[PDB]
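Inspection log for the structure reproduced underneath, given as C-alpha cells.
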There are 4 protein chains.
Amino acid sequence: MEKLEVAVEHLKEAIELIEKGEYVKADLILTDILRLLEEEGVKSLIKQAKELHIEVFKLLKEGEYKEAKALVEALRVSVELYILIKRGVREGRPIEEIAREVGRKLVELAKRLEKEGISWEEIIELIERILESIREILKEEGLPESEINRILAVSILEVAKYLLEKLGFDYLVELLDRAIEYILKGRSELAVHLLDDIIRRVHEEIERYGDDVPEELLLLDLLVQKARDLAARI
Amino acid sequence: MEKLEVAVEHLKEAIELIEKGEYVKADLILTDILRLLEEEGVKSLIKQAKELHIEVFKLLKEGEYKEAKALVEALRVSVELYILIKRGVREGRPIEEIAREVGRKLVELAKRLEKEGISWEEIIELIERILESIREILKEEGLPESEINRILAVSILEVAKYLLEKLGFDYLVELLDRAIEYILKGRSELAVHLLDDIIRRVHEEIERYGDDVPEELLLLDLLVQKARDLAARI
Amino acid sequence: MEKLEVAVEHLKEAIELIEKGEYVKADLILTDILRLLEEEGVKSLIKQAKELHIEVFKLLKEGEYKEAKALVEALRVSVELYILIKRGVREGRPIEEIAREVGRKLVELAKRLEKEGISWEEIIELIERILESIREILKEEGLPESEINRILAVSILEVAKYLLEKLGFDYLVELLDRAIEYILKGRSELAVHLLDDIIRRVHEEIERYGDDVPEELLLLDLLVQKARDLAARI
Amino acid sequence: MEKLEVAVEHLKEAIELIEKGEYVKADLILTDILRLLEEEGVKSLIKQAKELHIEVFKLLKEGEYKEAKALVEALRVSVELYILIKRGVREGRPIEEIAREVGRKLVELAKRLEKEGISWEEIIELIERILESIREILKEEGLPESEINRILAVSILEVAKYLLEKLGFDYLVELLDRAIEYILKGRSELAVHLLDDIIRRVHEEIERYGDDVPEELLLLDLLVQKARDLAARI
Ligand SMILES: [Zn+2]
Ligand SMILES: [Zn+2]
Ligand SMILES: [Zn+2]
Ligand SMILES: [Zn+2]
Ligand SMILES: [Zn+2]
Ligand SMILES: [Zn+2]
Ligand SMILES: [Zn+2]
Ligand SMILES: [Zn+2]
C-alpha cells in the first residue's frame, strides 16, 4: 500500500506549502493527491479529496489558512487511519488494540487542531466526519456491526476523556476508563449502565454550573450520549 | 455549479501567471482546469480545454504570450457564457435578455483582446469558435433551432455594431439596432429585409472606399452577411 | 502524434527542474506527463510513467537526484523510441535502418548516463527495461517475431560494441560489426556461428584477465550471450 | 514507393533526351516509364503515360519539341504530386499544408512552362488535367468531398494569384490570400462571399479594359469562377 504512504507524504507537503505561502502549488498538490487516491480506489477518501480541493481553494481565496490546514490534516488522519485499519485486519490484530490506536490518533489530531487555534465545535465536527469515514471503511472490510460500534464508541469515549481531563473532573475520567475497558472486553450491558451513571453525573455537573457552563462540558455531554447509544446498539 | 466558478477562478489565475512569467505553473493550472471541466462533464468545454493545454504549451515555448493569453481568455468567456446560459434557461428567463447578455459578453471580450494587441481577424475567429460552442451548448439544453439562430444572430450583430461604431458610421449603427430589436421581438422577415438594405449600404461604402478599404469594413460585411443568413434560417 | 512530442518536451522540462532544485514542480510535471501518455493510450508507457512518478518522489525524498534523473531520461528515450518506431513502420522504412536508429539511441543514452555518474549495472538494467518496452511496442505493431528479434539483437550488439570500444578490443569490435551486418542482411546462421566464435574469444580474454576482471567485460559477455540467443531464436 | 521515384528520374532523363535530340531513346524511355507505372498500379497515371507515349511520338514526328516536353513535364508533376499526397495522407499531415504544397508545385510548373514558351491557354489546360488526376487520386485515398474540394480550390486560387501578380493587381492579390486563408481554416461561407466580391472587382477591371483585354485577365476570371464553385460545393 505504498501509494497511500506517498499520498500521506504529499499531504504533509501540502500542509507545509500552505504554511509557507504557495497556494497555487498547494492546489496542484491537492489535485495530485486526488489522482493518487483515485488510483488506489477508496470511495470515501476520493470524495473527501475532491471536496477538500474545492473547499481549500475557496478558503485560500478568502484567506482562511487555518481552516484549510485543518481540512488537509483531517484528510491526512483519515488516510493514515485507513492504512492502520487495513494492516490490523490483515494481520488478524485484535479489535481492542485497533480501537485503542484509532482513539489515540483522534486525540492527537484534536490536540493538534486545538494548538492551531480551531474551536472545539469545528474539531468535533471534523472528528465525526472522520468517524463516519471509518464506519464506511470498516463496513467495507466485512466486519460485523458489533465490533464496528465497539471501535466507534471507544474512539468517541477517548475524545470525551480528553475533554474531561481538560475540564478537570478526575473521577469521571476514571469511570470513563472503566467503561472503556468494559466495552473493549465485550461486556456491553455493564458498560451501558456505567455510561448511564456517567451521564447522570455529567448532567448534575452542568446543572451545578448554571449559566456559565463551558462549551467543553456540553460537547462532552453530547459525545458521551452518542457513545452510550452506540454501546447499546452493539 | 460551483465547480465551474472554481474553473473560472483558476482561468483568471492562469492568465495572471502567464502575465507574471511562470509558464510551468500555468501549464499545470491548465491541466487542473481540464480535470475540473471533465469532472463537470461538458464535452465542448473539455475538448477546448485539452486543445488549450497543447496549444498554450507550444505558444509559451515559442514565446507568443499574447496568443496564449487570448486563448485562455476565450476559454474563460466560453465557460462563463455556459454558466449564464444554464442560469437563464433554468430560471425561465426570456430569450431576449439571454441574447443581449451573450452579445455584451462577446463585445467585452473583443474590446479586451483589441486592447491587448490581437488583430481583428484573430478576434473574429476566436469569437466564431465561441459561437459554435454556444450553438452546441444551446442545442444540448433542448432549445429549438429558431431561438438558437436568434441568439446567434443577435450576438453577431452586436459585434458588427461595435465594429461599425469604431468605423464611424452612425446611421448604419441605428439601422442595426432596429434590426436587432426586430429579431429579438420575433419579427424575422422585416429583419431580413432590413439586413438586406444594410448589406447594400455596406457594399456601397466599400465601393466608395476603393483600394484603401480598412479590414474592419470587410469583417463587418462578412458578419452582417452571416447574421442575415442566420435570420433567414430562423 | 504531437501529444508525444509535447510529452517529450515536458520530460526535458522535468529533467531541467530536477537539476534546478524544484522537486514539487517536478512531481507535478510527472503527473502531467502521465496524464498526457494516458490520453495517447500506450500501455507500457503508462505503467512506466506511473512507476516513474512513485519512484522519483521516493528518490527525491531520499536525495538520489542522479537516480531520478536517470529514470526520467529512460522514460524520455522510451517515448522517443516509440515515436521513431511508429514513424518507421508507417513510412514503410526497412527494418535495417530502424534497428540502427534504435541502437544509436540506446548508445547515446548509455553515454549520457555514464557521463552523469550512474554505474554500468544500472545502465544495463535500464537498457533492458527499455528493450522489453520496445519488444512490446513492436509486437503491438503486428511485426512478426523474426524482425523483432533482429532489431533487439542489433541494439544489444551495439551496446556491447560500445563496451568493447571502451575496453579497447578492436578485433572483437570488427567481428561485431561483421555479425551485426550479417544479422541485418538476414543471414542468421552465419551470424550465430560468428557470435559463437566471439563468445569463445571473450571467454578467453576473461580467463586471461584472471582475478582482476573489469565489470565491463562481464557485462559484455552477458550482452553477447543474450544477443546470440535472440539471433538463434530469429 | 521507390518505383515512383525511379519513374520520376526516368521522366527527367526523357526531358533531357528530348532536349539533346535523341527521339528514339525518348520513345523507348516513355515505354519504360509506362511499364514502371503499370507495375506500381495507379490507373490515372497509367492512362496518362500511354497517351503521353502516343502523343509524344506524334509530336516528335511533326517537330513540336516544346509541346512534347510540356506533356512529359506535366506527367512528371502529376507523379510527384501523387507521391506527396500519399506521404501526406500516411503521415497524417493536415489538409492545409498538403493544399499549400500542391499549389506551390502547380505554380512552379506554370512558371517553367511560361519560361519554355508555351501559351497560357495550354498551361491552363494542362493544369486542369493535372487537377482532375489529383481529384481521382484523392478520392482513391478515401478522403471526403469537402477536403478534396478545399485542396482543389486552393490550388486553383494559387494559380490565379500568380496570374494576378503578373497582371499587377496587388489589392486583388491580398483579397485572394484572405480568401485562401478562409478556405484553409474551414470558413467556407465567408470565403464564398469574398470570392463573389473578388469576381465583381475582376469583372469591373475587365469592363474598364474594354477591347484590349489581355488573355490573362480572362483566364483569371474563369479560374476564380471555378474556384468559387468548388468552394460553394465544399
Ligand atoms: Zn485546483
Ligand atoms: Zn448504577
Ligand atoms: Zn502540461
Ligand atoms: Zn428596403
Ligand atoms: Zn506527486
Ligand atoms: Zn568458426
Ligand atoms: Zn514507341
Ligand atoms: Zn461583400
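Nothing in this text is a laboratory measurement; each read-out follows from the coordinates by a stated rule. As a convention, Cβ positions derive from the backbone with ideal geometry for all residues, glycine included, and neighbour counts pool all protein chains shown.
Between B:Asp212 and B:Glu39, the FRET efficiency estimated from the beta carbon spacing at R0 = 45 angstrom works out to 0.30. Copy D relates to copy B by a rotation, and the D residue whose beta-carbon is nearest that axis, with the distance in whole angstrom, is D:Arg200, 11.
Note on B:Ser119 and A:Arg104: the model spin-label points, each 7 Å out from Cα along the C-beta direction, lie 7.1 nm apart. Could you please state, rounded to a whole Å, how far the C-alpha centre of region A:116-137 is from the C-alpha centre of region C:107-139? Cα centroid to Cα centroid, the span is 49 Å.
With its label point defined 7 Å out from Cα along the Cα-to-Cβ axis, B:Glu91 lies at 5.4, 5.8, 5.8 nm from the matching points of the other copies, in increasing order. Name the shape class, rounded, prolate or oblate, that the alpha-carbon gyration tensor gives for region C:194-234, where a ≥ b ≥ c are the square roots of its eigenvalues, rounded holds for a/c under 1.5, and otherwise prolate holds if a/b is larger than b/c and oblate otherwise. Taking the square roots of the gyration eigenvalues as a ≥ b ≥ c, region C:194-234 is oblate.
For chain B, what class follows from the C-alpha gyration tensor (a ≥ b ≥ c being the square roots of its eigenvalues): rounded when a/c is under 1.5, otherwise prolate if a/b is larger than b/c, else oblate? Judged from the Cα gyration tensor, chain B comes out oblate (a/c at least 1.5, b/c at or above a/b). Placing a label point 7 Å from the Cα of A:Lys66 along the Cα-to-Cβ direction, the residues of region A:103-117 whose backbone N falls under 17 Å from that point are A:109-117. Projected onto planes of every orientation and averaged, the convex hull of the alpha-carbon atoms in region A:5-135 covers 7.7 nm². Anisotropy class assigned to the protein assembly as shown is oblate, per the alpha carbon gyration tensor with a/c at or over the 1.5 cut-off and a/b no larger than b/c. Pairs of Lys residues in region D:85-234 are counted when their Cα atoms are under 24 angstrom apart and they lie 8 or more places apart or on different chains; the count is 20. How tilted is helix C:23-40 with respect to the longest principal axis of chain C? Cα atoms for both, answer in degrees (0 to 90, nearest 10). Tilt relative to chain C: about 70 degrees.
Between helix A:145-167 and chain A there is an angle of about 80 degrees, using the helix long axis and the longest principal axis of the Cα atoms.
Centroid-to-centroid, using Cα positions, region D:67-89 and region A:22-86 are 63 Å apart.
Hey, what angle do you get for helix C:2-20 against the long axis of chain C, alpha-carbon based, 0 to 90 degrees rounded to 10? Roughly 80 degrees, rounded to the nearest 10. Spin-label pair B:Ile46-D:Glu128: with each label point 7 Å from Cα along the Cα-Cβ axis, the two points sit 4.9 nm from one another. Placing a pseudo-label 7 Å from each Cα along the Cα-to-Cβ vector at D:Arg200 and D:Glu136 gives an inter-label distance of 4.0 nm.
Take B:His193, move 7 Å from Cα toward the beta carbon, and the resulting point lies 2.2, 9.9, 9.9 nm from the same point in each other copy, nearest first.
A point 7 Å from Cα along Cα→Cβ stands in for A:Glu128, and the other copies hold the same point at 5.9, 5.9, 8.5 nm, listed in rising order.
Take the Cα of A:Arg90, go 7 Å toward its beta carbon, and the backbone nitrogen atoms of region A:1-27 under 16 Å from that spot belong to A:1-8. Backbone phi angles across region B:109-117, fed through the Karplus curve with coefficients 6.51, -1.76 and 1.60 (θ = phi - 60°), yield HN-Hα couplings of 4, 4, 5, 4, 5, 5, 5, 4, x Hz in residue order; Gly and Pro are listed as x.
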